[PDB]
Amino acid sequence: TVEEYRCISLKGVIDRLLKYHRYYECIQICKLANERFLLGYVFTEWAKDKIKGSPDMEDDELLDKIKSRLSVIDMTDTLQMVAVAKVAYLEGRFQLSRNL
Amino acid sequence: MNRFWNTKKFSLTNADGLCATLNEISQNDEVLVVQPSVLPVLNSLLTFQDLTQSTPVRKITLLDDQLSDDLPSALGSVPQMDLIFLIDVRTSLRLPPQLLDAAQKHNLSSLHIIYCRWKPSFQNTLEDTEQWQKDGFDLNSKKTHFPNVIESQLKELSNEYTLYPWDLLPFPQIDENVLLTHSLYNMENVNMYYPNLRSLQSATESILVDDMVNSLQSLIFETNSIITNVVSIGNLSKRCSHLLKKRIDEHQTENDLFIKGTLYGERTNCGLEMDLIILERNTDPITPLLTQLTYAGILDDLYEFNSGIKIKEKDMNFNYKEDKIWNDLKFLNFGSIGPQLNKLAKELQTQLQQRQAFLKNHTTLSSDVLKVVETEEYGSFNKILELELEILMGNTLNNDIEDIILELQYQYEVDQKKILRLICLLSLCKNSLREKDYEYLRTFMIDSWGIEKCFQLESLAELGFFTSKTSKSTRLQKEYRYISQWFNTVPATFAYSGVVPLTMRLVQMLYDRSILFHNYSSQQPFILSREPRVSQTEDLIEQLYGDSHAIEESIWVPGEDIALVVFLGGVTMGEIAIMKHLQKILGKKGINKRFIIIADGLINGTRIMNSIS
């Protein structure tokens, strides 16, 4: 309802749906709500989950996908990928971490 | 300020920031310790009385090895609250060892230092209010940076690192129209463009251009301007323009590109133009060496101005914001000062005592200068003028030059610098010197002025000043007698031996090709163009520099006037005199513009000679 929506910010709503592995629905609320501040917060979570997901991938294709999905987003706030590079470095993938 | 460059308004911000920082240091009795190089700049901004009344500090000192012996005398005494050092680390990237040795020896229990930096406009007024706690700590600045910059070398003694970033932006001192940035000297008094060590030129040049770009970016973002046309001259200016464009296009915030769409934009414009003509001193080494004839020029080459605009021998200040007699006589010719002073003195007789004191001091100083011009190697001050005038038009003969160079070497006593400057001008005017005269001139030089002169004549023989007939850095490889035909430097002109500077005509040609119409012209794209353009003027500058790529014309926007003519490599103050004449004549002809001359530091002949030594 409208009153409950006042208690918690839009980020509280976006987190609840990012939790359950639905990365396309969220990115559509931000467009209609006319917001840009909370745009990259979805992308960073999606990239972290994708990197920490399928381990039997290939570096070149993974980087190609992770950089082609960045083309859609055109905004500079909370788009820090240092954490993404770190979590990539936290496991065996080192060349991909350096290339990111 | 706010699209209208109120230059004097820049002065208040620095003083306010410094006062706020000093008063927020501590509410006790303070003692100030100031670096020797930066102190003259501070004194030119804040007076001693205002400094004492505004903040409770009561003592100022100097960074010297004398303080080491005075550590038990001066540092041990006073110290009512603490010691606040002030340092400049914008260049040379090295803290002075004086504070390093004083910290461990005297064992200070509270270390607070002040370091200078340009205004960070990218901080955009603290970016609102951190976005209501960064929307739940969505953004943070902890460890999101390199551990330290430059000052990482300070990792000794205690943890008293209460650094304070005092801001600084350019402000005018010598005159209202012209600002000035001090980036041409280090703390060791070494020239930032002509260092006396021919092994590290490239890095020094890169550092100088980086600092100049940073200062220009600071000013541009402070004034909220949108550059539309760029006319780059030379090699280094190309890199400077490209770096400035990249840095502007990268670090700019939002809420202004939206304005960049509204203003200017596609299919429309709002008639706002700013120009950024850039030159390099190496392009025209013809006229930093001529003799000054204007009042401040004559007063400058005989008594060197320090970082502040003042002199050691006298006591009265030459600041323009409190006196009006100096305003109307600084740039006038020396000859037209006497009768003007006589009229000014006689008109007041019929007719407050501060004016009387000012006129008396000016009269005494003028009389002293006139007395010292003569009776001090009488005739030399004029003989050099006649010789320079004769050489510029060209009257050298076969082997007769060797007769006149030693004619005044010991008949009238003269300094080394005058002879070296004159011989450099001789070797540069003809664009080439044969291989049969160096064997005698160098021999006589090494004969008369020691053994180390060979090193000077070798090091100076590669920058282009001293070349022989038998990454180019844009030297000049054309005879000057030719340039006297395309251009009308030798006929309107003052501050020299009746010669128009080469930069003068270079900037003249960009807006009105009148003198170029009289000689070497059958057709031109225009006669009076408001916007700067360069076309059908390549071959003349192709031979003048050996490459048809020194000229660069850049349009940034897709589609009365403020022109920023920066000067990378110093300003010969005689050019400032002719700049006002250019502005007046252009305004008379129909094109109305305003010129702001950005300078990296006053440059002069003798001041160059000690540099390459």
# chains A, B, ... in the order shown; residues from 1 in each chain; ligands from 1

call {"tool": "closest_atom_pairs", "arguments": {"of": "chain A", "to": "chain B", "cutoff": "12 Å", "atoms": "only C-alpha atoms", "output": "Markdown table"}}
result
| residue | atom | partner | partner_atom | distance |
| --- | --- | --- | --- | --- |
| A:8 | CA | B:136 | CA | 11.5 |
| A:9 | CA | B:135 | CA | 9.1 |
| A:10 | CA | B:135 | CA | 10.3 |
| A:11 | CA | B:135 | CA | 8.5 |
| A:12 | CA | B:136 | CA | 10.3 |
| A:37 | CA | B:135 | CA | 9.1 |
| A:38 | CA | B:138 | CA | 9.2 |
| A:39 | CA | B:138 | CA | 11.9 |
| A:40 | CA | B:138 | CA | 10.8 |
| A:41 | CA | B:138 | CA | 8.6 |
| A:75 | CA | B:254 | CA | 10.5 |
| A:76 | CA | B:254 | CA | 9.9 |
| A:77 | CA | B:139 | CA | 8.7 |
| A:78 | CA | B:139 | CA | 6.6 |
| A:79 | CA | B:139 | CA | 10.0 |
| A:80 | CA | B:139 | CA | 9.4 |
| A:82 | CA | B:144 | CA | 9.7 |
| A:83 | CA | B:144 | CA | 11.2 |

call {"tool": "select_by_dssp", "arguments": {"residues": "chain A", "states": "alpha helix (DSSP H)", "output": "ChimeraX atom specification"}}
result
/A:2-7,10-18,26-33,40-51,59-68,82-89,95-99

call {"tool": "residues_around", "arguments": {"residues": "residue 91 in chain A", "least_positions_apart": "3", "cutoff": "10 Å", "atoms": "only C-alpha atoms", "output": "NGL selection string"}}
result
:A and (51-52 or 55 or 86-88 or 94 or 97)

call {"tool": "atom_distance", "arguments": {"atom1": "CA of residue 200 in chain B", "atom2": "CA of residue 452 in chain B"}}
result
21.0 Å

call {"tool": "residues_around", "arguments": {"residues": "residue 62 in chain A", "least_positions_apart": "2", "cutoff": "12 Å", "atoms": "only C-alpha atoms", "output": "ChimeraX atom specification"}}
result
/A:47,50-60,64-69,88,93,95-97,99-100

call {"tool": "write_last_selection", "arguments": {"atoms": "N, CA, C and O atoms", "output": "mmCIF file, in the first residue's frame"}}
result
data_model
loop_
_atom_site.group_PDB
_atom_site.id
_atom_site.type_symbol
_atom_site.label_atom_id
_atom_site.label_comp_id
_atom_site.auth_asym_id
_atom_site.auth_seq_id
_atom_site.Cartn_x
_atom_site.Cartn_y
_atom_site.Cartn_z
ATOM 1 N N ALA A 47 26.242 -9.116 -11.859
ATOM 2 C CA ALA A 47 27.582 -9.502 -12.288
ATOM 3 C C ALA A 47 28.272 -10.363 -11.239
ATOM 4 O O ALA A 47 28.944 -11.343 -11.576
ATOM 5 N N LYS A 50 26.705 -13.815 -11.416
ATOM 6 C CA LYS A 50 27.113 -14.516 -12.629
ATOM 7 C C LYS A 50 28.553 -15.002 -12.529
ATOM 8 O O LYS A 50 28.866 -16.127 -12.934
ATOM 9 N N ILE A 51 29.445 -14.165 -11.996
ATOM 10 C CA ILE A 51 30.841 -14.564 -11.834
ATOM 11 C C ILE A 51 30.956 -15.707 -10.834
ATOM 12 O O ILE A 51 31.677 -16.685 -11.065
ATOM 13 N N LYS A 52 30.240 -15.610 -9.715
ATOM 14 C CA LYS A 52 30.268 -16.647 -8.690
ATOM 15 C C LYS A 52 29.379 -17.838 -9.024
ATOM 16 O O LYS A 52 29.212 -18.721 -8.176
ATOM 17 N N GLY A 53 28.810 -17.889 -10.226
ATOM 18 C CA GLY A 53 27.914 -18.967 -10.593
ATOM 19 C C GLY A 53 28.602 -20.110 -11.309
ATOM 20 O O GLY A 53 29.362 -20.865 -10.694
ATOM 21 N N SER A 54 28.335 -20.252 -12.608
ATOM 22 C CA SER A 54 28.892 -21.323 -13.425
ATOM 23 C C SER A 54 30.415 -21.286 -13.404
ATOM 24 O O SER A 54 31.021 -20.321 -13.889
ATOM 25 N N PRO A 55 31.069 -22.312 -12.856
ATOM 26 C CA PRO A 55 32.534 -22.293 -12.772
ATOM 27 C C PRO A 55 33.216 -22.847 -14.014
ATOM 28 O O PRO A 55 34.379 -22.529 -14.279
ATOM 29 N N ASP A 56 32.511 -23.674 -14.780
ATOM 30 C CA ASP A 56 33.091 -24.309 -15.964
ATOM 31 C C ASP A 56 32.862 -23.472 -17.220
ATOM 32 O O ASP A 56 32.384 -23.961 -18.242
ATOM 33 N N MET A 57 33.226 -22.196 -17.147
ATOM 34 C CA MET A 57 33.084 -21.270 -18.257
ATOM 35 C C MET A 57 34.444 -21.006 -18.899
ATOM 36 O O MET A 57 35.465 -21.590 -18.528
ATOM 37 N N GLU A 58 34.451 -20.105 -19.877
ATOM 38 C CA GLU A 58 35.665 -19.686 -20.561
ATOM 39 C C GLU A 58 35.832 -18.182 -20.393
ATOM 40 O O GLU A 58 34.847 -17.438 -20.374
ATOM 41 N N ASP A 59 37.086 -17.744 -20.261
ATOM 42 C CA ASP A 59 37.360 -16.358 -19.888
ATOM 43 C C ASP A 59 36.878 -15.382 -20.955
ATOM 44 O O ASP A 59 36.237 -14.371 -20.642
ATOM 45 N N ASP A 60 37.185 -15.663 -22.223
ATOM 46 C CA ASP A 60 36.880 -14.714 -23.290
ATOM 47 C C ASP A 60 35.377 -14.507 -23.436
ATOM 48 O O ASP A 60 34.901 -13.369 -23.504
ATOM 49 N N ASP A 64 33.173 -11.219 -22.658
ATOM 50 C CA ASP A 64 32.365 -10.661 -23.735
ATOM 51 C C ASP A 64 30.932 -10.430 -23.277
ATOM 52 O O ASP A 64 30.353 -9.369 -23.530
ATOM 53 N N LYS A 65 30.346 -11.412 -22.590
ATOM 54 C CA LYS A 65 28.986 -11.249 -22.085
ATOM 55 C C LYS A 65 28.919 -10.150 -21.030
ATOM 56 O O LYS A 65 28.017 -9.300 -21.053
ATOM 57 N N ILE A 66 29.878 -10.143 -20.098
ATOM 58 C CA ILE A 66 29.843 -9.188 -18.997
ATOM 59 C C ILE A 66 30.093 -7.763 -19.471
ATOM 60 O O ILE A 66 29.711 -6.812 -18.780
ATOM 61 N N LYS A 67 30.725 -7.582 -20.630
ATOM 62 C CA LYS A 67 30.919 -6.244 -21.173
ATOM 63 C C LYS A 67 29.856 -5.854 -22.190
ATOM 64 O O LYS A 67 29.624 -4.659 -22.394
ATOM 65 N N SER A 68 29.205 -6.829 -22.830
ATOM 66 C CA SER A 68 28.077 -6.513 -23.698
ATOM 67 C C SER A 68 26.853 -6.127 -22.882
ATOM 68 O O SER A 68 26.066 -5.269 -23.299
ATOM 69 N N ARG A 69 26.671 -6.751 -21.714
ATOM 70 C CA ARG A 69 25.564 -6.365 -20.847
ATOM 71 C C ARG A 69 25.768 -4.989 -20.226
ATOM 72 O O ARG A 69 24.800 -4.389 -19.749
ATOM 73 N N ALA A 88 36.063 -11.792 -8.335
ATOM 74 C CA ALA A 88 36.639 -12.646 -9.366
ATOM 75 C C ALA A 88 38.027 -13.127 -8.962
ATOM 76 O O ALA A 88 38.378 -14.293 -9.181
ATOM 77 N N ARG A 93 39.957 -17.687 -10.999
ATOM 78 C CA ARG A 93 40.017 -16.829 -12.178
ATOM 79 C C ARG A 93 40.838 -15.583 -11.866
ATOM 80 O O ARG A 93 40.365 -14.671 -11.180
ATOM 81 N N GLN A 95 43.186 -14.180 -14.616
ATOM 82 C CA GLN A 95 43.317 -13.427 -15.858
ATOM 83 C C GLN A 95 42.074 -12.587 -16.126
ATOM 84 O O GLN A 95 42.177 -11.431 -16.549
ATOM 85 N N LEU A 96 40.889 -13.155 -15.889
ATOM 86 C CA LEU A 96 39.657 -12.390 -16.058
ATOM 87 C C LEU A 96 39.598 -11.224 -15.082
ATOM 88 O O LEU A 96 39.134 -10.133 -15.434
ATOM 89 N N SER A 97 40.057 -11.438 -13.846
ATOM 90 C CA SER A 97 40.082 -10.354 -12.870
ATOM 91 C C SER A 97 41.008 -9.230 -13.316
ATOM 92 O O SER A 97 40.675 -8.048 -13.176
ATOM 93 N N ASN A 99 41.833 -8.560 -16.452
ATOM 94 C CA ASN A 99 41.250 -7.968 -17.652
ATOM 95 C C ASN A 99 40.007 -7.136 -17.364
ATOM 96 O O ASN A 99 39.513 -6.464 -18.275
ATOM 97 N N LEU A 100 39.487 -7.169 -16.139
ATOM 98 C CA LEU A 100 38.326 -6.370 -15.773
ATOM 99 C C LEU A 100 38.686 -5.137 -14.957
ATOM 100 O O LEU A 100 37.949 -4.147 -14.992
#

call {"tool": "residues_around", "arguments": {"residues": "range 465-470 of chain B", "least_positions_apart": "5", "cutoff": "12 Å", "atoms": "only C-alpha atoms", "output": "VMD selection string"}}
result
chain B and resid 194 282 to 286 288 to 289 420 to 439 441 to 442 456 to 460 475 to 477 608 to 609 612

call {"tool": "decode", "arguments": {"residues": "range 15-50 of chain A", "atoms": "N, CA and C atoms", "output": "PDB file, in the first residue's frame"}}
result
ATOM      1  N   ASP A  15      15.687  -4.673  -3.337  1.00  0.00           N
ATOM      2  CA  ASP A  15      16.483  -5.751  -2.752  1.00  0.00           C
ATOM      3  C   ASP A  15      15.674  -7.037  -2.638  1.00  0.00           C
ATOM      4  N   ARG A  16      14.408  -6.924  -2.225  1.00  0.00           N
ATOM      5  CA  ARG A  16      13.581  -8.108  -2.018  1.00  0.00           C
ATOM      6  C   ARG A  16      13.401  -8.903  -3.303  1.00  0.00           C
ATOM      7  N   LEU A  17      13.410  -8.232  -4.454  1.00  0.00           N
ATOM      8  CA  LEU A  17      13.244  -8.921  -5.725  1.00  0.00           C
ATOM      9  C   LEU A  17      14.575  -9.285  -6.366  1.00  0.00           C
ATOM     10  N   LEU A  18      15.649  -8.549  -6.061  1.00  0.00           N
ATOM     11  CA  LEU A  18      16.983  -8.988  -6.454  1.00  0.00           C
ATOM     12  C   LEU A  18      17.424 -10.235  -5.704  1.00  0.00           C
ATOM     13  N   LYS A  19      16.867 -10.481  -4.516  1.00  0.00           N
ATOM     14  CA  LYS A  19      17.274 -11.642  -3.730  1.00  0.00           C
ATOM     15  C   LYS A  19      16.944 -12.946  -4.448  1.00  0.00           C
ATOM     16  N   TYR A  20      15.788 -13.006  -5.114  1.00  0.00           N
ATOM     17  CA  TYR A  20      15.269 -14.249  -5.670  1.00  0.00           C
ATOM     18  C   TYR A  20      15.639 -14.452  -7.136  1.00  0.00           C
ATOM     19  N   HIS A  21      16.792 -13.938  -7.567  1.00  0.00           N
ATOM     20  CA  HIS A  21      17.352 -14.223  -8.891  1.00  0.00           C
ATOM     21  C   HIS A  21      16.393 -13.830 -10.015  1.00  0.00           C
ATOM     22  N   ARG A  22      15.899 -12.592  -9.954  1.00  0.00           N
ATOM     23  CA  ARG A  22      15.060 -12.013 -11.009  1.00  0.00           C
ATOM     24  C   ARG A  22      15.698 -10.681 -11.398  1.00  0.00           C
ATOM     25  N   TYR A  23      16.643 -10.738 -12.333  1.00  0.00           N
ATOM     26  CA  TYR A  23      17.483  -9.596 -12.668  1.00  0.00           C
ATOM     27  C   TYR A  23      16.943  -8.760 -13.820  1.00  0.00           C
ATOM     28  N   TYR A  24      15.862  -9.185 -14.468  1.00  0.00           N
ATOM     29  CA  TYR A  24      15.250  -8.380 -15.518  1.00  0.00           C
ATOM     30  C   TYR A  24      14.066  -7.563 -15.028  1.00  0.00           C
ATOM     31  N   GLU A  25      13.293  -8.090 -14.077  1.00  0.00           N
ATOM     32  CA  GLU A  25      12.160  -7.339 -13.549  1.00  0.00           C
ATOM     33  C   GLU A  25      12.622  -6.046 -12.893  1.00  0.00           C
ATOM     34  N   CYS A  26      13.614  -6.139 -12.000  1.00  0.00           N
ATOM     35  CA  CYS A  26      14.087  -4.973 -11.258  1.00  0.00           C
ATOM     36  C   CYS A  26      14.489  -3.839 -12.191  1.00  0.00           C
ATOM     37  N   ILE A  27      15.308  -4.150 -13.199  1.00  0.00           N
ATOM     38  CA  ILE A  27      15.820  -3.132 -14.108  1.00  0.00           C
ATOM     39  C   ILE A  27      14.701  -2.421 -14.854  1.00  0.00           C
ATOM     40  N   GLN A  28      13.475  -2.942 -14.790  1.00  0.00           N
ATOM     41  CA  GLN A  28      12.348  -2.301 -15.453  1.00  0.00           C
ATOM     42  C   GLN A  28      11.588  -1.349 -14.539  1.00  0.00           C
ATOM     43  N   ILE A  29      11.622  -1.562 -13.220  1.00  0.00           N
ATOM     44  CA  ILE A  29      11.038  -0.577 -12.311  1.00  0.00           C
ATOM     45  C   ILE A  29      11.820   0.728 -12.371  1.00  0.00           C
ATOM     46  N   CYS A  30      13.153   0.638 -12.401  1.00  0.00           N
ATOM     47  CA  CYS A  30      13.980   1.840 -12.382  1.00  0.00           C
ATOM     48  C   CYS A  30      13.713   2.723 -13.594  1.00  0.00           C
ATOM     49  N   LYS A  31      13.436   2.115 -14.748  1.00  0.00           N
ATOM     50  CA  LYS A  31      13.144   2.899 -15.945  1.00  0.00           C
ATOM     51  C   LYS A  31      11.835   3.665 -15.796  1.00  0.00           C
ATOM     52  N   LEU A  32      10.768   2.977 -15.382  1.00  0.00           N
ATOM     53  CA  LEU A  32       9.469   3.632 -15.264  1.00  0.00           C
ATOM     54  C   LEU A  32       9.427   4.598 -14.087  1.00  0.00           C
ATOM     55  N   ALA A  33      10.114   4.274 -12.990  1.00  0.00           N
ATOM     56  CA  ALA A  33      10.148   5.166 -11.836  1.00  0.00           C
ATOM     57  C   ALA A  33      10.984   6.414 -12.080  1.00  0.00           C
ATOM     58  N   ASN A  34      11.721   6.473 -13.191  1.00  0.00           N
ATOM     59  CA  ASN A  34      12.552   7.620 -13.559  1.00  0.00           C
ATOM     60  C   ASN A  34      13.602   7.896 -12.477  1.00  0.00           C
ATOM     61  N   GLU A  35      14.459   6.896 -12.284  1.00  0.00           N
ATOM     62  CA  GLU A  35      15.553   6.984 -11.329  1.00  0.00           C
ATOM     63  C   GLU A  35      16.824   6.460 -11.981  1.00  0.00           C
ATOM     64  N   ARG A  36      17.962   6.968 -11.513  1.00  0.00           N
ATOM     65  CA  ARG A  36      19.255   6.565 -12.052  1.00  0.00           C
ATOM     66  C   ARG A  36      20.218   6.192 -10.934  1.00  0.00           C
ATOM     67  N   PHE A  37      19.941   6.670  -9.717  1.00  0.00           N
ATOM     68  CA  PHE A  37      20.844   6.422  -8.598  1.00  0.00           C
ATOM     69  C   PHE A  37      20.928   4.936  -8.268  1.00  0.00           C
ATOM     70  N   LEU A  38      19.791   4.241  -8.274  1.00  0.00           N
ATOM     71  CA  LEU A  38      19.731   2.826  -7.936  1.00  0.00           C
ATOM     72  C   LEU A  38      19.799   1.922  -9.162  1.00  0.00           C
ATOM     73  N   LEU A  39      20.430   2.378 -10.245  1.00  0.00           N
ATOM     74  CA  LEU A  39      20.480   1.588 -11.471  1.00  0.00           C
ATOM     75  C   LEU A  39      21.616   0.570 -11.431  1.00  0.00           C
ATOM     76  N   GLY A  40      22.833   1.028 -11.131  1.00  0.00           N
ATOM     77  CA  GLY A  40      23.984   0.142 -11.123  1.00  0.00           C
ATOM     78  C   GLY A  40      24.002  -0.844  -9.973  1.00  0.00           C
ATOM     79  N   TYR A  41      23.191  -0.608  -8.940  1.00  0.00           N
ATOM     80  CA  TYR A  41      23.128  -1.531  -7.814  1.00  0.00           C
ATOM     81  C   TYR A  41      22.559  -2.884  -8.218  1.00  0.00           C
ATOM     82  N   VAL A  42      21.686  -2.916  -9.224  1.00  0.00           N
ATOM     83  CA  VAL A  42      21.211  -4.184  -9.768  1.00  0.00           C
ATOM     84  C   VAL A  42      22.302  -4.853 -10.594  1.00  0.00           C
ATOM     85  N   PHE A  43      22.990  -4.065 -11.424  1.00  0.00           N
ATOM     86  CA  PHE A  43      23.984  -4.624 -12.334  1.00  0.00           C
ATOM     87  C   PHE A  43      25.156  -5.233 -11.577  1.00  0.00           C
ATOM     88  N   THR A  44      25.616  -4.571 -10.512  1.00  0.00           N
ATOM     89  CA  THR A  44      26.743  -5.113  -9.756  1.00  0.00           C
ATOM     90  C   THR A  44      26.379  -6.442  -9.103  1.00  0.00           C
ATOM     91  N   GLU A  45      25.171  -6.543  -8.543  1.00  0.00           N
ATOM     92  CA  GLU A  45      24.730  -7.799  -7.945  1.00  0.00           C
ATOM     93  C   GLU A  45      24.614  -8.893  -8.999  1.00  0.00           C
ATOM     94  N   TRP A  46      24.054  -8.554 -10.166  1.00  0.00           N
ATOM     95  CA  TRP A  46      23.924  -9.546 -11.227  1.00  0.00           C
ATOM     96  C   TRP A  46      25.289 -10.036 -11.691  1.00  0.00           C
ATOM     97  N   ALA A  47      26.242  -9.116 -11.859  1.00  0.00           N
ATOM     98  CA  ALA A  47      27.582  -9.502 -12.288  1.00  0.00           C
ATOM     99  C   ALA A  47      28.272 -10.363 -11.239  1.00  0.00           C
ATOM    100  N   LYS A  48      28.121 -10.008  -9.960  1.00  0.00           N
ATOM    101  CA  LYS A  48      28.721 -10.805  -8.895  1.00  0.00           C
ATOM    102  C   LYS A  48      28.153 -12.219  -8.887  1.00  0.00           C
ATOM    103  N   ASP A  49      26.829 -12.342  -9.021  1.00  0.00           N
ATOM    104  CA  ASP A  49      26.210 -13.663  -9.024  1.00  0.00           C
ATOM    105  C   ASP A  49      26.619 -14.467 -10.253  1.00  0.00           C
ATOM    106  N   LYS A  50      26.705 -13.815 -11.416  1.00  0.00           N
ATOM    107  CA  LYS A  50      27.113 -14.516 -12.629  1.00  0.00           C
ATOM    108  C   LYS A  50      28.553 -15.002 -12.529  1.00  0.00           C
TER     109      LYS A  50
END
